Amino acid sequence: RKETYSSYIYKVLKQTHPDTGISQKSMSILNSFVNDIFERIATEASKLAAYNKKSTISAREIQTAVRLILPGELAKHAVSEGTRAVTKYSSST
Amino acid sequence: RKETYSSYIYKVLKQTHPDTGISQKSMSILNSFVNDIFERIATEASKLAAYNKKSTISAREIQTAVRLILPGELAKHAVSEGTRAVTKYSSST
Amino acid sequence: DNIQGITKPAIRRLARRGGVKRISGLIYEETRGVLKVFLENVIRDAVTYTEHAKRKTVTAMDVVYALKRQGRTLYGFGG
Amino acid sequence: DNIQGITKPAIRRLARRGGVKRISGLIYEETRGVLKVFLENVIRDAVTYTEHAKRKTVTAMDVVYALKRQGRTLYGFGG
Amino acid sequence: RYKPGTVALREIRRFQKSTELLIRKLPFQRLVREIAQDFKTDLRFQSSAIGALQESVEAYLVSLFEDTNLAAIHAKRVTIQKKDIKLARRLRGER
Amino acid sequence: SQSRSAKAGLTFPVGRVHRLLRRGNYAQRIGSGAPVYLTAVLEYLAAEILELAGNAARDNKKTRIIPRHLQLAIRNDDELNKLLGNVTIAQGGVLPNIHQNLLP
Amino acid sequence: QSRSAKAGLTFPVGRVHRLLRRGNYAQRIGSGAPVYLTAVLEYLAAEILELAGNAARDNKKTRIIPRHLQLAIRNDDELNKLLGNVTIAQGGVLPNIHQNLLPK
Amino acid sequence: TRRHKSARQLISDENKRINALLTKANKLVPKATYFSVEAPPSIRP
DNA sequence: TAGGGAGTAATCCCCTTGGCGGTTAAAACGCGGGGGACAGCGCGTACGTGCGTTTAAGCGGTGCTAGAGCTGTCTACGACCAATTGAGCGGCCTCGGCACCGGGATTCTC
DNA sequence: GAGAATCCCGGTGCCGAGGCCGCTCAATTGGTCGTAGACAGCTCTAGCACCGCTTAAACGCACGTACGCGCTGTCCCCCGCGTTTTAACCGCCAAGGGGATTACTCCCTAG
């Protein structure tokens, strides 16, 4: 069960460019890019958790790490979309 | 409450150069140096053990780390010194 | 007079510590500019680091770990 | 004859992807030396990686970590 | 016929315009084996590892050619020289 | 019942990144908003890259996504190049740039 | 008797062992790693100490100053590109003069 | 000697005492407590 | 489910901020002037450009098998809890090496 | 040969460097045990060798011109120094802001 992100980026490509296909080398580009971003953001969040005598990683540390990693317009759009997703998930009532 | 490495480098300084004296800024810069070297070796061993399909940390991961991150002459000197120390420790069973 | 806190003998000394001999008479502004961008990068990272810590003064520990993030790590002021 | 086994018109092709019009006659052997020390610094790390892997075959993983660690990470072959 | 300098622009456009590899594969594989057997003898190699080495040295060399051409224009010239290469290597940081 | 990705309105998985965060030994305690925040950030980044790649692939008048289009989308954009100013690309090529005085 | 005295060193193997235990680098850590790490740290500390000493003797001072070990780490090449990306405290730059700046 | 007992936990122990009394009575009706006095939300937009 | 890290209020007191004002070395202005930037020029030589000869780059065919990869079994290593004692940190105190300081040797410079 | 301007040497004030002591909380010792790791065994992907063949490319070489490189005059723009202006440094007492630490209930997250 070798695990990869192929199906998910296949659909989010399919909701905006329906008549377009992906090559396998390109498929690997997006897979490696997603894994690299995940690794960078997660190790920065762990470093910031170890900053403050804190043994728990929560959403605030990842928000600070996103504001640290990304450039500014990407950062403000990422925290806007992530905050909307968190408020969608939390108000599941 | 504050943690440092004062007396051990003090007695190493006395047994090596018994007529020399250390400033506190010097005390601090080699504390920064030793913490940096500790952090580098330990994160290299952690990444190596995590991405080498293993769950523990042993002498092999750290000997790869001291062979790999720092230049070869003092690397093999430290490898010889640490293998001598670990054979001394394993001899006293 | 806001940016004019740093001055001609200061960057003359800094260029002399670069080992240069002859300077130009209007290398002033681009050095002032790169000065400004280096400080605003460093204290922007320091402000975010101290914002997450709920510490509304900027400490030395934050700026040395900001440099260690930036790859220009400092020794002696903690770490 | 393997150090100049890669050849000089190939070096011209790589240079004219790089956008340089005229090249000297004395730059071939120094680019060969730069290339040789670059692969030396890469497969030293790669052979330590495959030595610790209890393997004789150098795979794509060992080389891709070897250029990942030197700040030259490469996409696509890490799958 | 063409004046000297127009067909050079044509081929530099063609080389920047494409994406093919520019290094012969078998001399590179021989070079990799002969540069690896000193560290460890009787080694085995993966084909995509050779491809990774190929694309890494291609990217490194073309970036090196950018900043050595920048050294060439900086010295009010066109042809690169060896001191341009040494200046680019020094200003990059390595020795 | 139903997954947390549809609960938060996302297509990327949430339990998968929760698992990958769990035994990735970043910390021994992980909150509940951490995978949904990471999932939304990865959503936005993949969607932006796929938007620019599809625009470059259509710009080539060619119906698939080839890594030359990925290179064009990465280097044409300003802060995507800033985020990816370190990573070397597979089979991508080099953007066409000639310095001004070389033109006669 | 401490384990550092059992292995014949002056560095705190239990302290370095707990410092790598609560750092979440792994969930299970063997026993050869702390003695090996404390041996490597002892060798490197002894090395930088003896370069500091021999940089202190020629500069007519029996106290080590950060300037002296700045020249010690700028004069030895191995420590120079071991620590090329770091910068140190009020030690300045080692003196060098390039020849065309030298007149006559 | 007393604990500080700030204003946030006075509400907490008051409604926990009210809930304890109501659950005892279930196994009655309040008249005027601190939470029945509270104004309801408005019905106009 | 249930243990515990985190939220939260209080509270001690360290350190940072403001500001007298006095000093004085350091910055600002200005002005003579000379070594260097820089535009122009010209010998020539090294490398573009193009054509003939040569070489082993690429293919692809396939056999051999090395070892990468996977699985089951055994077991020996390391987390985990508990008792406990001295190593090692906070604080205090004498003193000597280097900071300072001034007279004069001495060695670059024009 | 004048003229500063560093280097040398003796004297002196001073403040952190090293040594010592109280004592805490962390290193060590010791036994349990689930389980990750060693390790033998086994399937078969894939890496190595290589026979021969078309030919693109590599190599070689001749011709010549844009260009590297030395020379040079000239405008001028920084260099060196004296004077004047200005604010940096320093002593330093003081108000209180705001972490450091402490106490403690509880929602939050591992299992």
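The rules we used
- Chain by chain, residues are numbered from 1 following the written sequence, and this numbering need not agree with the entry; no residue without coordinates is displayed.
- The lettering of chains begins at A and the numbering of ligands begins at 1, in the order of writing.
- Reported values pertain to the displayed chains only, which are themselves part of a larger assembly.
- Where side-chain values are given, they derive from all heavy atoms of the structure, hydrogens and water being excluded.
- Residues with missing side-chain atoms are left out of burial classes, side-chain pairs and their counts.
- One heavy atom suffices: a residue is near a molecule or strand as soon as one of its heavy atoms comes within 4 Å of it.
- Polar contact criterion, stated in full: a pair of N or O atoms within 3.5 Å, where within protein one must be able to donate a hydrogen and the other to accept it, and residues adjacent in sequence count only if both atoms are side-chain atoms.
- Each helix corresponds to a stretch of at least 4 residues labelled H or I by DSSP, and each strand to a stretch of at least 2 residues labelled E; elements are numbered beginning at the N terminus.
- Put simply, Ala, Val, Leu, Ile, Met, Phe, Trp, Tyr, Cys and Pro go in the nonpolar bin, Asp, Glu, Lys and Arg in the charged bin, and everything else, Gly too, in the polar bin.
- A pairing counts as a salt bridge when a side-chain nitrogen of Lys or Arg comes within 4 Å of a carboxyl oxygen of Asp or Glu.
- When accessible area is computed with a 1.4 Å probe and restricted to protein chains, residues below 20% of their type maximum are described as buried, those above 50% as exposed, and intermediate ones as partly exposed.
- Excluding any residue in a salt bridge, patches collect residues exceeding 30% relative accessible area, merging like charges within 9 Å and nonpolar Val, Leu, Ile, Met, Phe, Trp and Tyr side chains within 5 Å.
- Note on areas: these come from Shrake-Rupley sampling with a 1.4 Å probe, and a residue is covered only by the protein chains present in the view.
- Two residue types count as positive, namely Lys and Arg, and two as negative, namely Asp and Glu; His and chain ends fall outside the count.
- Each charge is placed at NZ for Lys, CZ for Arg, CG for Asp and CD for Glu.
- Any pair of residues with heavy atoms lying within 4.5 Å of one another is described as a contacting pair.
- Note on definitions: buried area is the accessible-area loss of two parts on being combined, 1.4 Å probe, summed for both.
- Here, the term nonpolar core denotes a set of buried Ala, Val, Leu, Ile, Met, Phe, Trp, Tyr and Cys residues that are joined through side-chain atoms within 4.5 Å.
- Every axis in this analysis is a line fitted to C-alpha atoms, fitted for helices over the stretch in contact. Angles between the N-to-C directions lie between 0 and 180 degrees.
- It is the rotation of the near helix from the far one that decides the hand of a crossing: anticlockwise by less than a right angle makes it left-handed, clockwise makes it right-handed.
- Aromatic pairing here means that ring centres of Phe, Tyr or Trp (its six-membered ring) are within 6.5 Å. Orientation follows from the plane angle: under 30 degrees is stacked, over 60 is edge-to-face, and everything else is tilted.
- By definition, being over a ring means that NZ of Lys or CZ of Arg is both within 6 Å of the ring centre and within 35 degrees of the ring normal.

(A) Spatial organisation of the protein's contact with DNA strand I. Residues in contact with DNA strand I amount to 46 residues; listed here are only the nearest, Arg 1 and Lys 2 of chain B, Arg 15 and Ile 29 of chain G together with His 4 of chain H. The sugar-phosphate share of atoms of DNA strand I within 4 Å of the protein amounts to 98%. In this structure, a sugar or linking oxygen belonging to DNA strand I sits 3.1 Å away from a side-chain N or O atom of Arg 28 of chain G. Side-chain polar atom of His 4 of chain H to a phosphate oxygen of DNA strand I: 2.5 Å apart, as the coordinates give it. Contributing elements (two or more residues each) for the surface near DNA strand I: helix 1 (8-17) of chain C, helix 2 (25-36) of chain E together with strand 1 (28-29) of chain G. When residues in the surface near DNA strand I are grouped by element, the largest group, four residues, is from helix 2 of chain E. Tallied by class, the residues present in the surface near DNA strand I amount to 10 nonpolar, 14 polar and 22 charged.

(B) Just the protein's contact with DNA strand J, in detail. Among the 47 residues in the neighbourhood of DNA strand J, the closest are listed as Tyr 10 of chain B, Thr 7 of chain D, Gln 46 of chain E, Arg 3 of chain G together with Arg 3 of chain H. A share of 98% of the atoms of DNA strand J within 4 Å of the protein falls on sugar and phosphate groups. Residue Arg 55 of chain C places a side-chain N or O atom 3.0 Å away from a sugar or linking oxygen belonging to DNA strand J. Those elements that place two or more of their residues in the surface near DNA strand J are strand 1 (21-22) of chain B, helix 1 (8-17) of chain D, strand 1 (44-45) of chain E, strand 1 (29-30) of chain F together with helix 1 (3-7) and helix 2 (13-21) of chain G. Here the surface near DNA strand J is built from residues that sort into seven nonpolar, 17 polar and 23 charged.

(C) Layout of the pattern of salt bridges. Under the definition given, this model contains 19 salt bridges over all chains. Note that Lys 54 of chain B and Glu 61 of chain B form a salt bridge whose closest N and O atoms lie 3.5 Å from each other. Residue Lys 54 of chain B is classed as partly exposed on the basis of its relative accessible area, which comes to 41%. Close ionic contact of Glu 51 of chain D with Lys 40 of chain E constitutes a salt bridge, the shortest N to O distance being 3.7 Å. Here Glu 51 of chain D, found in helix 2 (residues 28-52), pairs with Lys 40 of chain E, found in the loop between helix 2 and strand 1, and the two come from separate chains.

(D) A look at a positive patch on the surface. Together, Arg 10, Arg 13 and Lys 17 of chain E together with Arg 58 and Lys 61 of chain F line one region of the surface with positive charge. Per-element tally for the positive patch: the top contributor is helix 1 (residues 6-17) of chain E, with three residues. Counting through the fold element by element, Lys 61 of chain F comes out in the loop between helix 3 (33-59) and strand 2 (64-65). Taking relative accessible area as the criterion, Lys 61 of chain F reaches 68% and is therefore assigned exposed.

(E) Summary view of the environment of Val 32 of chain E. Residues and elements named next belong to chain E. Along the chain, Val 32 falls in helix 2. Separated by 35 residues in sequence, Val 32 and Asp 67 have C-alpha atoms that sit 26 Å apart. Once residues within four sequence positions are removed from consideration, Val 32 is found in contact with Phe 45, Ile 50 and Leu 53.

(F) Molecular detail of the interface of chain G and chain C. Across the contact, seven residues belong to chain G and eight residues belong to chain C. Both sides of the chain G and chain C interface together cover about 680 Å² of buried area, and 54% of this is carbon and sulfur. On the chain G side of the interface with chain C, the three residues burying the most area are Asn 85, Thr 87 and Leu 101 of chain G, jointly 51% of the side's total. For the interface between chain G and chain C, the tally reads zero salt bridges. Here chain G and chain C share three residue pairs in polar contact between them.

(G) Fine view of the nonpolar core. One finds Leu 70 of chain A, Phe 45 of chain E, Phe 12 and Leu 21 of chain F together with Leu 37 of chain G to be the most contacted residues of the largest nonpolar core, which totals 148 residues. Counting residues per element, this core draws most heavily on helix 3 (residues 32-57) of chain G, at 14 residues. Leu 70 of chain A has contacts with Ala 75 and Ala 78 of chain A together with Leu 45 and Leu 83 of chain F, leaving out every residue within four places of it along the chain. Formed by seven residues, the second largest nonpolar core is a distinct cluster that contains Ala 85 of chain A together with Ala 8, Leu 10 and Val 36 of chain F.

(H) Representation of the interface of chain F and chain A. If you look at the interface, chain F gives 48 residues, while chain A gives 47 residues. The junction of chain F with chain A conceals about 4,800 Å² of combined surface from both sides, 74% of it contributed by carbon and sulfur atoms. Of all residues in chain F, the largest losses of buried area upon contact with chain A belong to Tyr 26, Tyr 37 and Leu 50 of chain F, amounting jointly to 16% of the total for that side. Summed over the shared surface of chain F and chain A, the number is 13 residue pairs in polar contact. Within the residue set of the side of chain F that touches chain A, elements represented by two or more residues are helix 1 (4-7), helix 2 (15-22), strand 1, helix 3, strand 2, helix 4 (67-76) and helix 5 (78-83) of chain F. Sorting elements by how many residues they give to the side of chain F that touches chain A places helix 3 of chain F first, with 18 residues.

(I) Just the environment of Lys 54 of chain A, in detail. Residue placement: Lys 54 of chain A occurs in the loop between helix 2 (24-51) and strand 2 (56-57). Those residues within four positions of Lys 54 of chain A in sequence are excluded, and the remaining contacts are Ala 49 and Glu 61 of chain A.

(J) Main features of the environment of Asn 25 of chain F. Mapped onto the elements, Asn 25 of chain F comes out in the loop between helix 2 and strand 1. The partly exposed category is assigned to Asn 25 of chain F, whose relative accessible area is 24%. For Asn 25 of chain F, the residues in contact, after removing those within four places along its chain, are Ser 46 of chain B together with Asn 24 and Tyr 25 of chain G.

(K) Seen up close, the packing of helix 2 (residues 24-50) of chain B against helix 3 of chain G. As a packed pair, helix 2 of chain B and helix 3 of chain G sit with axes 11 Å apart at the nearest point and diverge in direction by 145 degrees. You can see that helix 2 of chain B and helix 3 of chain G cross each other, and the crossing is right-handed. Facing helix 2 of chain B, whose interface residues are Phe 33, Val 34, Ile 37, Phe 38 and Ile 41 of chain B, helix 3 of chain G presents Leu 37, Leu 41 and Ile 48 of chain G. Across the contact of helix 2 of chain B with helix 3 of chain G, the residue classes tally to eight nonpolar, no polar and no charged.

(L) Layout of the packing of aromatic side chains. Throughout the structure, instances matching the rule amount to nine aromatic pairs over all chains. Where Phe 38 of chain D meets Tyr 60 of chain E, the ring centres are 4.6 Å apart and the plane angle is 40 degrees; that geometry is what we call tilted. One end of the pair, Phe 38 of chain D, is in helix 2; the other, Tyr 60 of chain E, is in helix 3 (residues 47-74), on a second chain. Of the two residues, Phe 38 of chain D and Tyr 60 of chain E, neither departs from the other in class, the shared state being buried. With centroids separated by 5.9 Å and ring planes inclined at 90 degrees, the aromatic side chains of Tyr 34 of chain H and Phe 35 of chain H adopt a geometry described as edge-to-face. Site record: aromatic cluster; members linked through ring pairs are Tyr 5 and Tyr 8 of chain A together with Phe 12 of chain F. Note that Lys 11 of chain A overlies the ring of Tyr 8 of chain A, its terminal NZ or CZ placed 5.1 Å from the centroid. Over the ring of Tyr 65 of chain D we find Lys 47 of chain B; its NZ or CZ atom is 3.3 Å from the centre of that ring.

(M) Quick peek at a nonpolar patch on the surface. Judged by side-chain polarity, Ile 3, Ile 6, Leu 35 and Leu 39 of chain C come together as a nonpolar surface patch covering roughly 290 Å² of accessible area. Structurally, the position occupied by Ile 6 of chain C is in the segment before helix 1.

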